[PDB]
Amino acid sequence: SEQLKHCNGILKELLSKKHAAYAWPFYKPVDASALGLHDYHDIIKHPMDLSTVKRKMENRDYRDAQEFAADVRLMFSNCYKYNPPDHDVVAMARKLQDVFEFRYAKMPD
């Protein structure tokens, strides 16, 4: 769980105010009704968000670092899948993923 402690640190950073400018769309599940998005749940079969990830870390539902990484990347992929390349939210996901991947890359073994 030493690797997972470092994952928990990474999660904290993603959720900190420092990255709030581009992280906010990912705090919570996409609410398709509230946003008026009729086709979202058809196009995206495995929704993911930072709250779910946080919950799974807290309940210790991750077996390892790479399970955590798959969830974080799923979240970014859903966003890239669903939205157009020029959409602000795509620019925002890329900024956050930059933080994620760099930190994740800097984990020990």
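Note that residue numbering follows the sequence shown and begins at 1. Rigid core (definition): largest C-alpha set, two forms, superposition within 1.5 Å.
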Larger mean CA deviation from the shown form in 7 other deposited structures of this protein [core fit; 45-53 vs 29-37] = 29-37
Of 24-32 and 39-47, the stretch whose C-alpha atoms average the higher B-factor in the entry = 39-47
Going by the average Cα B-factor in the PDB entry, point out whether 74-82 or 58-66 comes out higher.
-> 58-66
Chain-wide C-alpha B factor ranking for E13, given as lowest, middle or highest third | middle
